[PDB]
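1. Please work out how this folds:
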Amino acid sequence: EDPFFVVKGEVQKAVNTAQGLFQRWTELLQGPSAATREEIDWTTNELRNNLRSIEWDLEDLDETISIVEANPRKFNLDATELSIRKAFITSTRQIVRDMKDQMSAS
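-> Residues are numbered from 1 along each chain as shown. Let me share the structure:
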């Protein structure tokens, strides 16, 4: 019943959908022979919505950990577990970054 895992679940699902939108976005980069202007607009829009949503959730998770980080045991949470949680944020942010970087590079 730890809120962390609920948000983590939501973030992972969002990431999964972003993977699909990214793949499609990539295909649309082929030009007018494989994409209409509306397809690129909506596809870009939804992809961006998902990435933004992911970053805000991660932001929330970071801020939460920042609080407990000082006194782990007080909340019945081990420092190792906190390390692992921070790692999920890092790994997720990397996936997001790579997608945003390529979109910016295109």
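
2. in the lengthiest helix in the chain, what's buried?
-> With residue count as the measure and DSSP state H as the assignment, the chain has helix 37-69 as its longest helix. For helix 37-69, a neighbour-count test (16 or more other CB atoms under 10 Å) marks 43, 46-48, 50-51, 54-55, 57-58, 61, 65, 68 as buried. Where C-beta positions appear, they are placed from N, C-alpha and C, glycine not excepted.

3. Let me know the next secondary structure element after it.
-> helix 79-105 (DSSP states H and E).

4. can you state the direction angle for that next one and helix 37-69?
-> With axes from the mean of the first three to the mean of the last three CA atoms, to 10 degrees defining the directions, helix 79-105 sits at 160 degrees from helix 37-69.

5. so what secondary structure elements neighbour helix 79-105?
-> Contacts of helix 79-105 with other secondary structure elements, assessed using 3 or more CB pairs under 8 Å, 6 or more residues apart in numbering; DSSP states H and E, are made with helix 3-28, helix 37-69.

6. Quick one: residues contacting the most centrally placed residue in the chain.
-> In the chain, the C-alpha closest to the average C-alpha coordinate belongs to residue 54, at a distance of 3.7 Å (CA atoms, centre = their mean). Contact criterion CB atoms under 8 Å, 6 or more residues apart in numbering gives 11, 14-15, 18, 92, 96 as the residues in contact with residue 54.

7. where does the residue located most distally from the centre of the chain fall, helix, sheet strand or coil?
-> Seen from the C-alpha centroid of the chain, the residue lying at the greatest distance (CA atoms, centre = their mean) is residue 33, 30.8 Å away. Per DSSP: H, G, I helix; E, B strand; the rest coil, the local secondary structure of residue 33 is coil.

8. now it: how far from residue 83?
-> Here the distance between residue 33 and residue 83 works out to 49 Å (CB to CB, to the nearest Å).

9. now residue 95
-> 19 Å.

10. Can you give me the distance of the residue nearest to the residue nearest to the centre of the chain when sequence neighbours are not counted to residue 72?
-> The shortest distance from residue 54 to any residue other than its chain neighbours is 5.1 Å, reached at residue 14 (CB to CB, 6 or more residues apart in numbering). Residue 14 sits 28 Å away from residue 72 when distances are taken as CB to CB.
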